[PDB]
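Chains as they are written, first to last, in full-length UniProt numbering: chain A, 407 to 434, 452 to 471, 487 to 510, 520 to 578, 582 to 597, 603 to 665; chain B, 407 to 434, 452 to 471, 487 to 510, 520 to 578, 582 to 597, 603 to 665; chain C, 407 to 434, 452 to 471, 487 to 510, 520 to 578, 582 to 597, 603 to 665; chain D, 407 to 434, 452 to 471, 487 to 510, 520 to 578, 582 to 597, 603 to 665. Each residue gets a CB set at the ideal place from its N, CA and C atoms; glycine is no exception. Taking it in order: structure first as structure tokens, then the write-up.
There are 4 protein chains.
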Amino acid sequence: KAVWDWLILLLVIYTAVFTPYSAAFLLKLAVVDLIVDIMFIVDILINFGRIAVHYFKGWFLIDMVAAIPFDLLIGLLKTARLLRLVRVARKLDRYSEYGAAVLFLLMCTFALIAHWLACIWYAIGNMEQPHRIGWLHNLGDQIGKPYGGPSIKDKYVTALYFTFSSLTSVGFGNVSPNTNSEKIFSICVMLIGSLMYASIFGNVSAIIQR
Amino acid sequence: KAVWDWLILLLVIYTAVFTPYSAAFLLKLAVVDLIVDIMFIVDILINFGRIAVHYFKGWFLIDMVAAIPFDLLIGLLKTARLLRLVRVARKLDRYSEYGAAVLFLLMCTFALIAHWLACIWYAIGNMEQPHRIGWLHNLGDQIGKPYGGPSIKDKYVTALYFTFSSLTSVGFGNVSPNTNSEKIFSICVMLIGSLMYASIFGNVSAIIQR
Amino acid sequence: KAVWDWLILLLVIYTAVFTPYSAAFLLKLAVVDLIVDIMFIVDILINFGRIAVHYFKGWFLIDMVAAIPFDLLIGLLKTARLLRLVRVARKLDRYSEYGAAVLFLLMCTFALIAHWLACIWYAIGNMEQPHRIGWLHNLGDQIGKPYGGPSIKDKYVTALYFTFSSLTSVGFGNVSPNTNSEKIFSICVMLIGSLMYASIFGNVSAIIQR
Amino acid sequence: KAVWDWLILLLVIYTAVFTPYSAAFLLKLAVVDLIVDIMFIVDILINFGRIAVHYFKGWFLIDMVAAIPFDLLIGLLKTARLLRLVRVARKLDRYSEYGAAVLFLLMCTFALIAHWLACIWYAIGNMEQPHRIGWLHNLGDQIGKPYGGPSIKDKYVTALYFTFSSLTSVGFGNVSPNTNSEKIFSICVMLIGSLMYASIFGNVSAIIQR
């Protein structure tokens, strides 16, 4: 039970890494998804004589709708598995005991936000690709893979690197927005970064200053 | 009167967004402008029998000149409506109790500063076109507009994105100053961007812990 | 007496702005410089029988050399007037009586550091005349004035803009170091600019609250 | 004894500068490092009978492995000498007695982190070169030394300048990551640089006033 919370947190991080990635890139492992689904079913069963009503009156519908699959584009309904991130929100008291723990959580949420923004950036670039101005075409031209096109590894790495440069306000200039939708996404990313980078690294400076 | 105060704040935001955009881009719907003008006249009437003398010798001498229609260049003279921004700067106590409202107002005024700088940047760029040097010519080249140049949407989005990149100290390298006017404007933008970035984001970091 | 010190501050700002500029650029008006010298001699004269020995044992040794003419490559010795900058390094207690004065002084010294680094950058770019490599050639190609070469206005504006971008960590990419001397100078600029940016803007964020 | 340990710190900085540099670049005079290791052996002898056994039970192994010559991948074994950096890592209570000394050590450790990251970057470039995607090819194209190729001076200066730009979040755009290995290394460098920049410069801003 004491170590079960950390396992649940690790599974939540795994699903928050691999659900947006799968939806954005792989839609176009299954056994691991089945295993984590079984583990989350075990956890929701564990969460439950007089405590049943208490759990029913709060944070039961969310877990019930998250655990049950939508397996009857039917694969897009699997994006609802992101609701499991609320579990770490309702148990933040146990995860905030150690300064190392909260520092690792801050780095993890920085990486998670960067990964989600990379998934959105790739989705935009792919939805604009069939309709030589987007970032995918320039990236393919600059790595010797003219549009075929770059591999999934190259596309994901480029998107994550661009998102990290935009969030950290580096702007290497290798890849830059060139379409109106890309420019608006970049502006929104600039606002999001200016907020979250400032807040998170202020918290980090507070932690180290302790 | 609180609902009226927040409605007046919304109208002030609307005019601060749409009069400099109009002056910069549109010059070479009216129903919304007429409705907002009527609402501001209603507000100045509501502002007022003992307090009438008090308000007459106060902000009335500014509100009257900010509300008089100049329909006797009229398009350039309509910029005097920017004096309505003092209607919210004189009642900071009304908009400083929610806590999150302060953060929202700070982020909104950051966006408004970016929008005003974008309007000034477009005004600088457009006045240099008749004279491939300049941000407008390069922007048209990037998309494929033989500057028949880019549409108003593309020009505004590019200007806003460049201003946000300069203010956030990213420097994407897609849009860069090349003329001495643009270079001096960018130096001034860098100075005021450092100022506003430091002050505003130190403030928001201050409230983020509360 | 009170007015005299602020006038001396204005004069020292003038000389700190126009001595490095003249040395860096105009090596290849005099009446204003002569009037400035007259005022500085007047200041040394008023700076004075009991206190005469006190001043003689104090700052007189450094003050006298910085103001006596070195008239006889002979113009390279003119930089001696830069030693007058310490005259305002001893009346901080009088120049910091108002917070707005502190803010103005901080922005003035930031701009002065940018100006001095721009002069050094131009000297570095101009000493590389014997040998497409270098910022001056790139700038001359950018603004459509191939080497001849860009005017002094364009060269100074480009140098100041590059120095400001380096100090504020924007990195527009219009001008980038491309030579070993330029790269080493840029590394030193990055180090000192990060240090002074952090210090100055932390102090500024402290000032705005106070 | 103070001068002895200050010389210890100086030679520790020397080896931290010159061992990774040699390992990365100079692989293909030794008198300086010969005297340095002789001096380290003399320090070991000085450190040593009541306290000799106590210190033997303590750190004796650390300066035993990092001092014994490996003369007999064969030449790469000298990288074990970087373990001498912990000699100053056990005397922070003494090396942090002065605020100016603290700032000097912070600047030195920032420069050392940049130097180590530049060595790693150059090692990546060299292992990728024989396989224009690499940064070394682009560097050779920029300067007048097309691939032969740039000399060791140019390569090291470019690596250090790029690493400093990445850490300081400038993004000059002259040299930018272009391969998957370079992009991943740049993401890691962005994270590391953000963290260390925040911590170190928060500390520095905490020292400037005092």
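- Excluding the 5 residues flanking it on each side, residue 575 of chain D has same chain C-beta neighbours closer than 7 Å at 584, 634, 636, in chain order.
- Per DSSP, reduced to three states, the secondary structure at residue 576 of chain B is coil, with no helix or strand assignment.
- Contact annotation for residue 631 of chain B against chain C: 627, 628, 629 [CB-CB distance below 7 Å, chain order].
- In the same chain as residue 470 of chain D, and ignoring 5 residues on each side of it, the C-beta atoms closer than 7 Å to its own belong to 493, in chain order.
- Look at residue 590 of chain D: its C-beta is not under 8 Å from any C-beta on chain C.
- Residues are counted here when their Cβ sits less than 7 Å from a Cβ of chain B; for the region 635–665 of chain A these are 635, 638, 639, 641, 642, 645, 649, 653, 654, 657, given in chain order.
- Residue contact check for residue 560 of chain D against chain A: no CB pair falls below 8 Å.
- Pairing residue 565 of chain D with residue 545 of chain D, the inter-Cα distance amounts to about 30 Å.
- For residue 583 of chain B, the C-beta contacts it makes with chain C under 9 Å involve 592, 593, 594, in order along the chain.
- In this structure residue 577 of chain B is exposed. Its beta-carbon is surrounded by fewer than 16 other beta-carbon atoms within 10 angstroms.
- For the pair residue 594 of chain B and residue 588 of chain A, the Cα-to-Cα distance works out to about 15 Å.
- Sequence-ordered contacts of the region 606–621 of chain C with chain D read 620, 621 [C-beta pairs closer than 9 Å].
- Straight through space, the alpha carbons of residue 457 of chain C and residue 653 of chain A are spaced by roughly 50 Å.
- Using a CB distance cut-off of 8 Å, residue 543 of chain C does not count as an interface residue toward chain D.
- The Cβ-Cβ distance between residue 459 of chain B and residue 420 of chain B falls below 8 Å.
- Residue 609 of chain A has its alpha-carbon roughly 26 Å from the corresponding atom of residue 616 of chain B.
- A direct Cα-to-Cα measurement between residue 630 of chain B and residue 498 of chain A gives close to 51 Å.
- One finds 623, 624, 625 in chain A with Cβ atoms closer than 8 Å to the Cβ of residue 624 of chain D, taken in chain order.
- Note that the C-beta distance between residue 648 of chain D and residue 626 of chain C is not below 8 Å.
- For residue 618 of chain B, the enclosing alpha helix (DSSP H) has its first and last residue at 607–622.
- When the Cα atoms are used, residue 429 of chain D and residue 567 of chain D turn out to be separated by approximately 10 Å.
- Annotated three-state conformation of residue 665 of chain B is coil, per DSSP.
- With a cutoff of 8 Å on beta-carbon distance, residue 624 of chain A and residue 623 of chain B are scored as near each other.
- Per DSSP, residue 590 of chain C is one residue of the alpha helix (DSSP H) stretching across 585–592.
- Residue 431 of chain D has its alpha-carbon roughly 12 Å from the corresponding atom of residue 612 of chain D.
- 8 Å or more divides the Cβ of residue 559 of chain B from the Cβ of residue 662 of chain B.
- For residue 537 of chain A, the uninterrupted alpha helix (DSSP H) run begins and ends at 533–537, by DSSP.
- For the set C/605, C/434, C/656, the Cα lying nearest the Cα of residue 520 of chain C is the one of C/434.
- When DSSP states are grouped into helix, strand and coil, residue 625 of chain D belongs to the coil group.
- With respect to residue 532 of chain C, residue 422 of chain C sits close: the two C-beta atoms are nearer than 8 Å.
- The residue among A/467, A/665, A/542 with its C-alpha nearest the C-alpha of residue 501 of chain A is A/467.
- Secondary structure at residue 410 of chain C: helix, using DSSP grouped into helix, strand and coil.
- When secondary structure is reduced to three states using DSSP, residue 641 of chain D falls in the helix class.
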